[PDB]
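Text of my_file_3.tsv, listed as TSV, N, CA and C atoms:
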chain	number	residue	atom	x	y	z
A	1	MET	N	0.83	-1.20	0.00
A	1	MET	CA	0.00	0.00	0.00
A	1	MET	C	0.87	1.26	0.00
A	2	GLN	N	0.27	2.39	-0.34
A	2	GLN	CA	0.97	3.67	-0.30
A	2	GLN	C	0.66	4.38	1.01
A	3	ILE	N	1.70	4.78	1.75
A	3	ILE	CA	1.50	5.67	2.88
A	3	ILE	C	2.31	6.94	2.71
A	4	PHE	N	2.02	7.91	3.57
A	4	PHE	CA	2.70	9.20	3.56
A	4	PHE	C	3.45	9.40	4.85
A	5	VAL	N	4.63	10.00	4.76
A	5	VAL	CA	5.39	10.34	5.95
A	5	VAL	C	5.60	11.84	5.95
A	6	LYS	N	5.04	12.50	6.95
A	6	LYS	CA	5.17	13.93	7.11
A	6	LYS	C	6.38	14.24	7.97
A	7	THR	N	7.26	15.09	7.46
A	7	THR	CA	8.20	15.76	8.33
A	7	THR	C	7.60	17.11	8.71
A	8	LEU	N	7.77	17.51	9.97
A	8	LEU	CA	7.23	18.79	10.42
A	8	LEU	C	8.06	19.97	9.91
A	9	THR	N	9.08	19.67	9.12
A	9	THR	CA	9.82	20.70	8.41
A	9	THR	C	8.91	21.36	7.38
A	10	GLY	N	7.86	20.64	6.99
A	10	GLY	CA	6.89	21.13	6.04
A	10	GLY	C	6.56	20.11	4.96
A	11	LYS	N	7.56	19.32	4.57
A	11	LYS	CA	7.41	18.44	3.41
A	11	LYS	C	6.88	17.06	3.77
A	12	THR	N	6.51	16.31	2.74
A	12	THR	CA	6.00	14.95	2.88
A	12	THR	C	6.63	14.05	1.83
A	13	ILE	N	6.80	12.76	2.16
A	13	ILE	CA	7.22	11.76	1.19
A	13	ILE	C	6.19	10.64	1.08
A	14	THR	N	6.16	9.98	-0.07
A	14	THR	CA	5.36	8.77	-0.22
A	14	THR	C	6.23	7.56	0.11
A	15	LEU	N	5.63	6.52	0.65
A	15	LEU	CA	6.33	5.26	0.81
A	15	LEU	C	5.49	4.12	0.27
A	16	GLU	N	6.16	3.07	-0.19
A	16	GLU	CA	5.50	1.86	-0.66
A	16	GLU	C	5.71	0.77	0.39
A	17	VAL	N	4.64	0.30	1.01
A	17	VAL	CA	4.76	-0.60	2.15
A	17	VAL	C	3.71	-1.70	2.18
A	18	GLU	N	3.95	-2.70	3.00
A	18	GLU	CA	2.96	-3.74	3.27
A	18	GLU	C	2.50	-3.63	4.72
A	19	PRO	N	1.27	-4.07	5.01
A	19	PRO	CA	0.77	-4.02	6.39
A	19	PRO	C	1.67	-4.77	7.38
A	20	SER	N	2.39	-5.78	6.88
A	20	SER	CA	3.26	-6.59	7.72
A	20	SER	C	4.64	-5.95	7.92
A	21	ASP	N	4.91	-4.87	7.21
A	21	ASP	CA	6.18	-4.16	7.40
A	21	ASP	C	6.33	-3.65	8.82
A	22	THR	N	7.51	-3.87	9.39
A	22	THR	CA	7.86	-3.32	10.70
A	22	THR	C	8.20	-1.83	10.62
A	23	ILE	N	8.10	-1.13	11.75
A	23	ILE	CA	8.49	0.27	11.84
A	23	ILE	C	9.98	0.42	11.46
A	24	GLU	N	10.82	-0.50	11.92
A	24	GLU	CA	12.23	-0.62	11.52
A	24	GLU	C	12.44	-0.56	10.02
A	25	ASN	N	11.61	-1.35	9.34
A	25	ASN	CA	11.57	-1.47	7.89
A	25	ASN	C	11.18	-0.15	7.26
A	26	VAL	N	10.18	0.49	7.84
A	26	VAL	CA	9.78	1.81	7.41
A	26	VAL	C	10.91	2.84	7.60
A	27	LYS	N	11.56	2.78	8.75
A	27	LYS	CA	12.66	3.71	9.02
A	27	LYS	C	13.77	3.58	8.00
A	28	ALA	N	14.05	2.35	7.57
A	28	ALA	CA	15.11	2.13	6.59
A	28	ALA	C	14.78	2.80	5.25
A	29	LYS	N	13.52	2.68	4.84
A	29	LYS	CA	13.04	3.30	3.61
A	29	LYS	C	13.03	4.83	3.71
A	30	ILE	N	12.78	5.35	4.91
A	30	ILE	CA	12.88	6.79	5.15
A	30	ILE	C	14.34	7.25	4.99
A	31	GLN	N	15.27	6.47	5.53
A	31	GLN	CA	16.69	6.80	5.43
A	31	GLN	C	17.13	6.80	3.97
A	32	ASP	N	16.57	5.90	3.17
A	32	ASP	CA	16.92	5.81	1.75
A	32	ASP	C	16.53	7.07	0.99
A	33	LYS	N	15.55	7.81	1.51
A	33	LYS	CA	15.08	9.02	0.85
A	33	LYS	C	15.56	10.30	1.54
A	34	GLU	N	15.72	10.24	2.86
A	34	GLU	CA	16.00	11.43	3.67
A	34	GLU	C	17.41	11.47	4.25
A	35	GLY	N	18.06	10.31	4.37
A	35	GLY	CA	19.42	10.25	4.87
A	35	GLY	C	19.54	10.30	6.39
A	36	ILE	N	18.42	10.13	7.08
A	36	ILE	CA	18.44	10.20	8.53
A	36	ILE	C	18.63	8.80	9.12
A	37	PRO	N	19.64	8.64	10.00
A	37	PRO	CA	19.85	7.32	10.61
A	37	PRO	C	18.62	6.86	11.39
A	38	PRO	N	18.35	5.56	11.35
A	38	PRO	CA	17.13	5.06	12.02
A	38	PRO	C	17.07	5.41	13.51
A	39	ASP	N	18.20	5.44	14.21
A	39	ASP	CA	18.11	5.69	15.65
A	39	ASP	C	17.90	7.18	15.94
A	40	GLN	N	17.88	8.01	14.90
A	40	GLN	CA	17.55	9.42	15.11
A	40	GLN	C	16.16	9.75	14.59
A	41	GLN	N	15.44	8.73	14.12
A	41	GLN	CA	14.05	8.88	13.72
A	41	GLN	C	13.11	8.43	14.83
A	42	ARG	N	11.98	9.12	14.96
A	42	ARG	CA	10.86	8.64	15.76
A	42	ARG	C	9.60	8.83	14.91
A	43	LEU	N	8.77	7.81	14.86
A	43	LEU	CA	7.55	7.89	14.08
A	43	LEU	C	6.35	7.93	15.00
A	44	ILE	N	5.38	8.77	14.63
A	44	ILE	CA	4.20	9.02	15.43
A	44	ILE	C	2.97	8.74	14.58
A	45	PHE	N	2.02	8.01	15.15
A	45	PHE	CA	0.71	7.79	14.53
A	45	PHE	C	-0.35	7.79	15.62
A	46	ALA	N	-1.43	8.53	15.39
A	46	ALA	CA	-2.56	8.56	16.32
A	46	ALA	C	-2.11	8.80	17.75
A	47	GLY	N	-1.16	9.73	17.92
A	47	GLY	CA	-0.73	10.15	19.24
A	47	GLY	C	0.09	9.15	20.02
A	48	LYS	N	0.60	8.15	19.33
A	48	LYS	CA	1.50	7.18	19.94
A	48	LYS	C	2.86	7.16	19.26
A	49	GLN	N	3.93	7.05	20.04
A	49	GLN	CA	5.24	6.81	19.45
A	49	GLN	C	5.36	5.34	19.06
A	50	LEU	N	5.66	5.08	17.79
A	50	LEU	CA	5.65	3.71	17.27
A	50	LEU	C	6.92	2.93	17.62
A	51	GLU	N	6.76	1.69	18.08
A	51	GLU	CA	7.90	0.84	18.44
A	51	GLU	C	8.55	0.19	17.21
A	52	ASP	N	9.89	0.15	17.20
A	52	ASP	CA	10.69	-0.40	16.10
A	52	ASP	C	10.30	-1.80	15.63
A	53	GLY	N	10.10	-2.71	16.58
A	53	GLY	CA	9.85	-4.11	16.24
A	53	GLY	C	8.41	-4.45	15.87
A	54	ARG	N	7.51	-3.47	15.95
A	54	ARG	CA	6.09	-3.71	15.67
A	54	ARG	C	5.76	-3.42	14.20
A	55	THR	N	4.61	-3.90	13.72
A	55	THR	CA	4.25	-3.71	12.32
A	55	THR	C	3.22	-2.60	12.13
A	56	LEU	N	3.07	-2.16	10.89
A	56	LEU	CA	2.08	-1.15	10.56
A	56	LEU	C	0.67	-1.67	10.88
A	57	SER	N	0.47	-2.96	10.64
A	57	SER	CA	-0.84	-3.57	10.89
A	57	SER	C	-1.16	-3.55	12.38
A	58	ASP	N	-0.14	-3.72	13.22
A	58	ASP	CA	-0.30	-3.57	14.66
A	58	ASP	C	-0.90	-2.22	15.07
A	59	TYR	N	-0.61	-1.18	14.30
A	59	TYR	CA	-1.08	0.14	14.66
A	59	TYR	C	-2.30	0.58	13.84
A	60	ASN	N	-2.82	-0.34	13.02
A	60	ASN	CA	-4.03	-0.08	12.22
A	60	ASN	C	-3.78	1.05	11.24
A	61	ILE	N	-2.56	1.09	10.71
A	61	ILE	CA	-2.19	2.07	9.69
A	61	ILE	C	-2.61	1.58	8.32
A	62	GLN	N	-3.49	2.33	7.66
A	62	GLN	CA	-4.13	1.86	6.43
A	62	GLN	C	-3.59	2.58	5.20
A	63	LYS	N	-4.04	2.16	4.02
A	63	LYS	CA	-3.58	2.78	2.78
A	63	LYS	C	-3.92	4.28	2.76
A	64	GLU	N	-2.98	5.08	2.26
A	64	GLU	CA	-3.13	6.53	2.12
A	64	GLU	C	-3.20	7.29	3.44
A	65	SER	N	-2.90	6.61	4.54
A	65	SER	CA	-2.78	7.28	5.83
A	65	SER	C	-1.37	7.84	6.02
A	66	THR	N	-1.20	8.64	7.07
A	66	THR	CA	0.02	9.43	7.24
A	66	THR	C	0.69	9.24	8.60
A	67	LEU	N	1.99	8.99	8.56
A	67	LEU	CA	2.84	8.94	9.75
A	67	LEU	C	3.57	10.26	9.91
A	68	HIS	N	3.91	10.62	11.14
A	68	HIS	CA	4.69	11.84	11.35
A	68	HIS	C	6.10	11.49	11.81
A	69	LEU	N	7.08	12.05	11.11
A	69	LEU	CA	8.48	11.79	11.39
A	69	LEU	C	9.02	12.93	12.21
A	70	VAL	N	9.69	12.58	13.30
A	70	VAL	CA	10.28	13.54	14.20
A	70	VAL	C	11.75	13.18	14.44
A	71	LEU	N	12.61	14.19	14.56
A	71	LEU	CA	14.02	13.97	14.85
A	71	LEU	C	14.32	13.84	16.34
A	72	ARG	N	15.08	12.82	16.71
A	72	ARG	CA	15.65	12.73	18.05
A	72	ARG	C	17.18	12.65	17.97
A	73	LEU	N	17.83	13.79	18.14
A	73	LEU	CA	19.26	13.91	17.83
A	73	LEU	C	20.24	13.60	18.98
A	74	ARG	N	20.45	14.58	19.86
A	74	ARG	CA	21.48	14.45	20.90
A	74	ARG	C	20.92	13.84	22.19

Please go through the file and, once you have read it, give me the structure as structure tokens.
Amino acid sequence: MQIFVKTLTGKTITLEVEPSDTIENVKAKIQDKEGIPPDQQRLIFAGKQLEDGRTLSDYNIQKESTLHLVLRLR
């Protein structure tokens, strides 16, 4: 399915994913487009911080829905 990842910098990217994809897996695809290391990414959906080892289906993330990407640096 297609999902969207919003950076609060203003911009958005599309991602191509499966419901069984892990957040880890999503982070890797974000790094491929944005260059941000996975341990400096945090993803937010429906007011929850998403865990690395869990899947999109675990969080009821559906086609054309949107995740929010936040930086955790120092």

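Note that CA of residue 67 in chain A and CA of residue 44 in chain A are 5.8 Å apart.
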
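Atom N of residue 41 in chain A lies 5.8 Å from atom C of residue 70 in chain A.
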
Next item on the list: Mind giving me the straight-line distance from atom N of residue 34 in chain A to CA of residue 73 in chain A in Å, one decimal?
Entry: 15.8 Å

Checklist line | Ref. answer, residues at most 5 Å from (5.1, 3.5, 4.7) with only N, CA and C atoms, as a PyMOL selection string | finding: chain A and resi 3+15+17

Next, the residues of the selection above should be written as a compact mmCIF listing (two decimals), keeping the file's coordinate frame with N, CA and C atoms.
# COMPACT_ATOMS: atom_id res chain seq x y z
N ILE A 3 1.70 4.78 1.75
CA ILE A 3 1.50 5.67 2.88
C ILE A 3 2.31 6.94 2.71
N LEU A 15 5.63 6.52 0.65
CA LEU A 15 6.33 5.26 0.81
C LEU A 15 5.49 4.12 0.27
N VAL A 17 4.64 0.30 1.01
CA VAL A 17 4.76 -0.60 2.15
C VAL A 17 3.71 -1.70 2.18

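Among the candidates A:49, A:21, A:74, A:69, the one nearest to residue 8 in chain A when counting all atoms listed in the file is A:69.
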
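Closest to residue 5 in chain A among A:65, A:35, A:71, A:59 is A:65, based on only N, CA and C atoms.
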
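Across A:72, A:18, A:12, A:6, the tightest approach to residue 57 in chain A is made by A:18 when counting all atoms listed in the file.
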
Next item on the list: Within chain A, find each residue whose DSSP state, derived from the backbone, is helix (DSSP H, G or I), and express the selection as number ranges by chain.
Entry: A: 23-34, 38-40, 57-59

Next item on the list: Between A:2, A:23, A:42, A:30, single out the one closest to residue 68 in chain A, counting all atoms listed in the file.
Entry: A:42

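Distances from A:13, A:19, A:52, A:46 to residue 32 in chain A were compared using only C-alpha atoms, and the smallest one belongs to A:13.
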
Next item on the list: Would you return as a PyMOL selection string the members of chain A that DSSP assigns to strand (DSSP E or B) on this structure's backbone?
Entry: chain A and resi 2-7+12-16+22+41-45+48-49+55+66-71
